[PDB]
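Undergrad: Once you've had a glance at the structure underneath, I'll fire off some questions.
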Amino acid sequence: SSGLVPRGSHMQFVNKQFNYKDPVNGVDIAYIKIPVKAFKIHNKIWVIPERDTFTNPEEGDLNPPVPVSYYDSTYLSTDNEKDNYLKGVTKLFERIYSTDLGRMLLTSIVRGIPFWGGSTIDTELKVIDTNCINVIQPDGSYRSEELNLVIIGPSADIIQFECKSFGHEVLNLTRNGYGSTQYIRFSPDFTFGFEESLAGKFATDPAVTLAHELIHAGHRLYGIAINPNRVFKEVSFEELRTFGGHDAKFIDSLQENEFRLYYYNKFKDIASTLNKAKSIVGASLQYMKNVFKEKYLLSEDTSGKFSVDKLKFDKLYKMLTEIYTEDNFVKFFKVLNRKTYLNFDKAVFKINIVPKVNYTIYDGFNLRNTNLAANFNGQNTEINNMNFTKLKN
Ligand SMILES: N=C(N)NCCC[C@H](N)C(=O)NO
Ligand SMILES: [Zn+2]
């Protein structure tokens, strides 16, 4: 009746059919701090169904202080809302995982463990603490858990979706190869409007919007994000690259070679940090070393000495930067979507994707064997008016 399992017996990426009221259990349902209740949907990925008053101390309140923006301090405050959020997000990951491209993308993310580059001693491997959360256990104690990704509700401006992470005092973790745990502010309960001529009035599929955010996550997890000071007169190269298509092509090919070579070298610094490593604080040295051999697709010799293969680097680098794009998701989903990142949004809408009469894992809104199946009729905010309520612009 949500339709979380259209084929087979169980869900294929998300590990449980959770309800928000399920008892805390210390393993995959727990109280955590970065004191909130959270759900572990997969190895290395948690969902926290709460407005984000947490990650930024100048954003501990949902008060309006306003370009494209939308506020409502009441959103995501009841338990039924929280249960809907969590099943909505759950359903999206299963939608993303039903495609070849999304199975590739989500695997890369789970294997993308932030580098253990914490030590001040250049021969000791150590974790970085902002790449963990604290999980209250079955007895009542904490333990620190390493994770790659957190999906969390939006702060004051409900439609400011973004992917962010905590910084280091010396290191630039999103741009040195290392990586860092990524926080996605997102909601499945809202989407955006754009115009299209088959003038037509359509809404973006929220699977494609989550996928955009997850693509920024992969860049930042393998530490290969573009400096945000590189822009067009504003859109950064980092956005142009994530959208892909013809928009990406205006990053000149000589600039690309220069970017790729800079990061070949950073992956080279990482290989030799692994090699010049003698101790580990906090599993063996050689076991954690092999976690990172596996992440960065490193070669090992008879000495047990790691290096960067050039084919293997180009392969991973190309997958993360060129293949994993918004544009390519649109192709796999067979949905309607904006043709360039340069598009101005018009309206915001309230939606409910949880019931299978409203949205499915295979078709999104554009439900097969009905009138919704043709001409992107399900994303038409007049024909399928039932499924979209207008709120701003
Ligand atoms: N109208 C939207 N689709 N808003 C959410 C994304 C906003 C931001 N420009 C961005 O692309 N962040 O990754
Ligand atoms: Zn973006």
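Read-outs throughout are calculated quantities, based only on the coordinates presented, and are distinct from any laboratory measurement. Note that we place each Cβ from the backbone using ideal geometry, even for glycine, and neighbour counts take in every protein chain shown.
Undergrad: Among DSSP beta bridges lying fully in the chain, give the percent that are antiparallel, nearest 5.
TA: In the chain, DSSP labels about 75 percent of beta bridges as antiparallel.
Undergrad: Still on this model: Taking neighbour Cβ counts within 10 Å as the exposure measure, how do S73, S253, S197, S165 sort from fewest upward?
TA: Ascending Cβ contact count within 10 Å gives the list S197, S253, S73, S165.
Undergrad: Further, regarding this structure: With viscosity set to 0.890 mPa s and temperature to 25 °C, compute the Stokes-Einstein D of region 18-161, Rh being the Kirkwood radius across alpha carbon pairs; µm²/s, no decimals.
TA: Diffusion coefficient, whole number: 143 µm²/s.
Undergrad: Report the local net charge at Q12: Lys and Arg +1, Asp and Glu -1, summed over other residues whose C-beta lies under 14 Å from its C-beta.
TA: Value of the local net charge: +3.
Undergrad: Show me 78-90, 256-268 ranked by packing, highest mean number of other Cβ atoms within 10 Å first.
TA: The packing order, highest mean first, is 78-90, 256-268.
Undergrad: So if I take the centroid of the Cα atoms in region 235-289 and the same for region 14-87, what is the distance between those two points in Å?
TA: Result: 31 Å between the Cα centres.
Undergrad: Find the Rg to Rh ratio for the chain, where Rh is the Kirkwood radius over alpha-carbon pairs and Rg uses the same atoms.
TA: A ratio of 0.97.
Undergrad: All other residues with a Cβ under 15 Å from the Cβ of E256 taken together, and with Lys, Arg as +1 and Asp, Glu as -1, what is their net charge?
TA: Neighbour charge sum, excluding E256 itself: -1.
Undergrad: Which net charge results for the neighbourhood of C132, defined as the other residues with beta-carbon distances under 15 angstrom from its beta-carbon, given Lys and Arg at +1 and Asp and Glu at -1?
TA: Computed value for this residue: +2.
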